[PDB]
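Chains as they are written, first to last, in the authors' numbering: chain LX, 2 to 64; chain LB, 2 to 296, 302 to 378; chain LW, 9 to 142. One structure is given below, encoded as structure tokens.
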RNA sequence: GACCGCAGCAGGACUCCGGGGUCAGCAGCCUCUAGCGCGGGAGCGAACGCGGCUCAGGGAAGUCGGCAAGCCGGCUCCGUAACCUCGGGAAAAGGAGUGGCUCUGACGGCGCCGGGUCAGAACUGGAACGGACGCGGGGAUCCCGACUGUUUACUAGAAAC
RNA sequence: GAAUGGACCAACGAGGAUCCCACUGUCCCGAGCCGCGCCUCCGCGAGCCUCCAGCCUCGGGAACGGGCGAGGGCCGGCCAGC
RNA sequence: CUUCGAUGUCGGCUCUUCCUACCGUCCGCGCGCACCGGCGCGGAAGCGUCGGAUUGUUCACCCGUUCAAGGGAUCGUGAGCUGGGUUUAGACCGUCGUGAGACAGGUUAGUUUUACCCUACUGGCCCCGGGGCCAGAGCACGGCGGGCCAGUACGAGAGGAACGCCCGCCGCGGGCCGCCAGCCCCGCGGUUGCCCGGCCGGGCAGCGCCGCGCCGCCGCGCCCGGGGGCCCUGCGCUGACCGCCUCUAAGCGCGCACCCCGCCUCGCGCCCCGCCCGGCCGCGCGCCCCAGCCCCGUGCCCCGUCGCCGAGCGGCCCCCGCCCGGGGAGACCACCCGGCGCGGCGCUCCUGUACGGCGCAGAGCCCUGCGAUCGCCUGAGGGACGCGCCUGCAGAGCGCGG
């Protein structure tokens, strides 16, 4: 089907699941779940949350 | 003096008494109109609510904004294993209403039907139908009694029994339901069609069609003794009210001197018979087909249907919601009067992700690649 | 002045809400006096959604001419999440609105920030003026 | 722990002695010693009540009235107005920091041994630090009484005395 | 209306007012939860009331009756709520 | 007049019902009705009559909006609440009084007790098969807009309809949980003080606090609500009385958001069937029409009073377990299920990378001693109340009714 990536988690969100948030900067941040969202609003770096793709990419785990 | 500010009564009084349903499962109460000389068809089927999924659909509704647009809509899967027809009841409409002429049963009734007839099958004496199987099985008895139905009946119905062994339910006793045969050119055409189905399985695929509307009929989820604010929707009083805010402050006026039936009172909320009408069938399919929901994706959610089971076999996805919790029996009838302006179904996706937790994988194999 | 039959969306801004200005009209903050097309029910505060024309008053923050008057406005951004029938659940960082006449002309030349499609479909001038529809 | 109040009544009863840790603390919280398991128990986890929590978006639109709740709060450094009997106001208003480590500095008696406070710096941790606890919300005015005091035990703490 | 004291408010106030900012389930509009009560059981066990009786509608009547006139309902016994 | 050995005393909140003397919506008809609008009238009480500033206020008044009738119910509504008003005792001020005090002048401060009884109502119960059928009782879809019509009829312009069909929305109603928010029972992570010697892992601070969070509830989310009948007020048809005319007098058509019915909610009884298929009882059928009334204005007149067989029809009665365990059900019961379950094993999801080991990490100090942290093994470990399985222990009364 058609998917989007969490702006924070970077894990694919299938149709019908998630929230989209429009920043004043004019960027649109699609979110996987309230946890994908709350981590971002609380300004917690994605590169320090181990489950997040950015940490997996940082550790060389995913790409 | 007057209320001073117009406001409606909270609650429908046609759903009164709000009592726990005495009827065992949802009953059909009325059946779709007979219609003379239509194609011969069966009016209802019994099923068990499995879960809900959410589907992407292409909406061809001209005049709606969503015309040639895409919509994610909730849909309810109801497991419907084939039902064995076991009998044929004919009712003659009389001055006193429909009065049954006779019900003719098959020479062999399966164990789940017999189980319904006894409280504990193991300690039961197992005498039901014992003389009848001997009187039947000669062939002549059934025909002579079916002949009585042809001559003296107008409303021919088939008595069917669900097979609980093909379901994840712990029941073990077959829900027995009468289903009307509608559309015969003559009464004798209905009884003859019924005899073809006697002692034989009937499936949802024959009974209903995709795009058609069905009236779900079921007993609702129960919440037990509940207060007026939850049961009837009355406004909670201000926080400082001594004796609490969760009550109707005046249950009436000095005159009439008795509390009225229309005044909200605390009592049973839930477990009431309710019919939901005009629900369109998104799809009828089998879970044995590996690609039923693929537009491999079969109907089973990854992780299984929460609080339900494996949905093995025939299933129907209706759009929207049905009364009752999961596991509950739902009788499903052809809509008495259908919403004419409903768009035709074009399912483009069905969600198969875990409804247990927030799953992000449609299939177990996708999860296996992800967690390498 | 709204063009079309909007599908119902969750209304996050009740009477008393102070929505921010999305235009260079000169108002900084707009207070919601009331909602147009509203037949209410007893005790229900009038509530408004993105794309809904509201009557607003401009507070002491705004330019003097704008102050002291009930003026028509449309809500263009809401914090409350709402579900479009496509299934998208969308929310914006702030609650903001544009001063516009009921006919549709806007007091200010510019609109700032993303503006919801609901506002832009219902009001054409909103679509042309706004930089982004999200 | 037996007194006095109907009683072996969450009522009222004058003293003496008073460890540790966190702390400015005889505060709160936890404890050593000592005392000790309170007109009973089980089951259930309805409504409703009482004692507490949490709540999206809005933010007093509720109401006689912001009642009740919440907000604020410790310390250190800045930064503080009108008015004013020049004493105040004032913790005005408003900010910023705060942990854990690893170390530096200063401060005495004077071979050598204290003290636990003050600064300053690295380096660290989902963007976290008075981490529980304890613990002003603030401001602009109007009336009245100058104030601190006193008051109808058992419905009026007030502008009354 | 001027020691039946007049006017004047710095500082003080569990005093009486009006507003503003922050703040919140006060409200829109309620929902979920944790204890304890309730509830059921074992054991203990009262108070207060009480001519009788214990369903209504209308009429007439100390002008607003449970009993009276004429209608309409109603096996009998309980429980939790109110 | 009735109540003073006491019927609690305004407004608000909350909640139901009722009326019509109808404001909007509906149906007709009339206008000084071109249209749009207004306005008068008859039927019509189904729905709607809202959010706010001041006031204790009903009222008043103003602002707003889908533009906003009026009332009754012991001036509905205190063992429902509030105490704001009112109306005790404290206290001011003004007037009045020699004074004590007064005020139908203002101001402020001021215990709102009791259900466990009867009734009513709301659910629940008093063991007795499966399917159904219907007496009675309840009852629920209104309003507003957009689009096409249509810038059209109409107006010689400005303006500006309609029927129909379609799409939405509001208010309501009944459900539901896939999403998305709330919430989280004992899950995982973080952290404070004190305690268990330190580490690991814990406990206490009545869930210490914070971050997520499953199942399940939930709304702020989602789904669903399209119909018939008789007909008022009337407009018409044929048509008289009343050598005409006429909707009416016979006759007839159409006809309202109202009413009745359906659908829906409950349901006493009954029905069919199954097990069982057994007794007991009764003895009697033309039809129409009344201005054809087709031959009338009779008959029966004995349910014991001699009638009682059978046949055939019509009846009537009989008949049908619990405990226990779980639940999708629950106060207790009831309901719905039933050789449960308990413990594992997978899957799925929740949290966020376990202890330990390691290091070519680490501000350093200094000394091969310490060091918060760091990466690696490690999307790890821990957890589960959902799904699939059982490889292990188990599990269906000789208990009570019958």
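Idealized CB from N, CA, C, for every residue including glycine.
Within a 10 Å sphere around the beta-carbon of residue 334/LB sit 16 or more other beta-carbons, which makes this residue buried. Residue 45/LX sits away from residue 55/LX, with the two beta carbons spaced by 8 Å or more. When the five nearest sequence neighbours on each side are left out, the beta carbons in the same chain lying within less than 8 Å of the beta carbon of residue 195/LB are those of 86, 89, 157, 159, 182, in order along the chain. Taken in chain order, the members of the region 14-25 of chain LX whose beta-carbon sits within less than 9 Å of a beta-carbon on chain LW are 16, 17, 18, 19, 20, 21, 22, 23, 24, 25. Under the three-state reduction of DSSP, residue 103/LW is assigned to coil, being neither helix nor strand.
Under DSSP, residue 65/LW takes part in a beta bridge, and its partners are 39/LW. Of all residues in the region 49-74 of chain LB, only 55, 57, 60, 64, 65, 66, 67, 70, 71, 72, 73, 74 come within less than 9 Å of chain LW when Cβ atoms are compared, listed by chain position.
Identification of chain LB residues near residue 15/LW by a Cβ-Cβ cut-off of 7 Å yields 66, ordered along the chain.
Apart from the 5 residues on each side of it in sequence, residue 102/LW sits with its Cβ closer than 8 Å to the Cβ of 28, 85, 87, 121 in its chain, given in chain order. Rounded to the nearest whole angstrom, the CA to CA distance from residue 9/LX to residue 287/LB is 39 Å. In this structure, residue 42/LW lies away from residue 26/LW, with their beta-carbon atoms at least 8 Å apart. In the structure shown, residue 21/LW adopts extended strand secondary structure according to DSSP, grouped into three states. Nearest C-alpha to residue 110/LW among 61/LW, 17/LW, 76/LW: 61/LW. If only uninterrupted beta strand (DSSP E) runs of at least 3 residues are considered, those enclosed by the region 9-37 of chain LX are 20-23, 29-32. Note that the region 273-290 of chain LB touches the region 215-225 of chain LB; at least 3 beta-carbon pairs, one per stretch, sit closer than 8 Å.
Annotation for residue 93/LB: the continuous beta strand (DSSP E) segment containing it runs 84-95. Where residue 31/LW is concerned, there is no enclosing alpha helix (DSSP H), because DSSP gives it neither an H nor an E. Put simply, the backbone Cα of residue 77/LW is about 15 Å away from that of residue 36/LW. Residue 188/LB holds the alpha-carbon nearest to the alpha-carbon of residue 151/LB among 47/LB, 52/LB, 176/LB, 188/LB. If only uninterrupted beta strand (DSSP E) runs of at least 3 residues are considered, none is enclosed by the region 183-216 of chain LB. Note on geometry: alpha-carbon atoms of residue 145/LB and residue 98/LB lie some 25 Å from one another. For the pair residue 78/LB and residue 320/LB, the Cα-to-Cα distance works out to about 10 Å. Excluding its 5 nearest sequence neighbours in each direction, residue 58/LW has C-beta neighbours in its own chain below 6 Å: 83, 86, 124, 126, 127, listed in chain order.
8 Å or more divides the Cβ of residue 186/LB from the Cβ of residue 93/LB. By the C-beta criterion, the region 28-39 of chain LB is judged to be in contact with the region 336-343 of chain LB, since at least 3 inter-stretch pairs fall below 8 Å.
DSSP places residue 269/LB within a strand segment (E or B) once states are collapsed to three.
Against chain LW, the beta carbon of residue 6/LB has neighbours under 8 Å at 50, listed in chain order. Nearest to residue 54/LB by alpha-carbon distance, out of 38/LB, 118/LB, 74/LB, 222/LB, is 74/LB.
Taken in chain order, the members of the region 344-364 of chain LB whose beta-carbon sits within less than 7 Å of a beta-carbon on chain LX are 355, 357, 359, 364. Using a Cβ-Cβ cut-off of 7 Å, residue 93/LW is close to 67, 72 of chain LB, given in chain order.
Burial check for residue 100/LW: the Cβ neighbour count within 10 Å reaches 16 or more, so the residue is buried. 56/LB is the residue among 80/LB, 56/LB, 82/LB whose C-alpha sits nearest the C-alpha of residue 72/LB. Scanning chain LX for C-beta atoms nearer than 9 Å to the C-beta of residue 368/LB yields 2, 15, reported in chain order. Taking a cut-off of 8 Å on C-beta distances, the region 219-236 of chain LB touches the region 322-331 of chain LB, as three or more cross pairs fall below it. Straight-line measurement puts the Cα of residue 249/LB at about 39 Å from the Cα of residue 20/LX. Under the DSSP assignment, residue 289/LB falls outside any alpha helix (DSSP H); it carries neither an H nor an E label.
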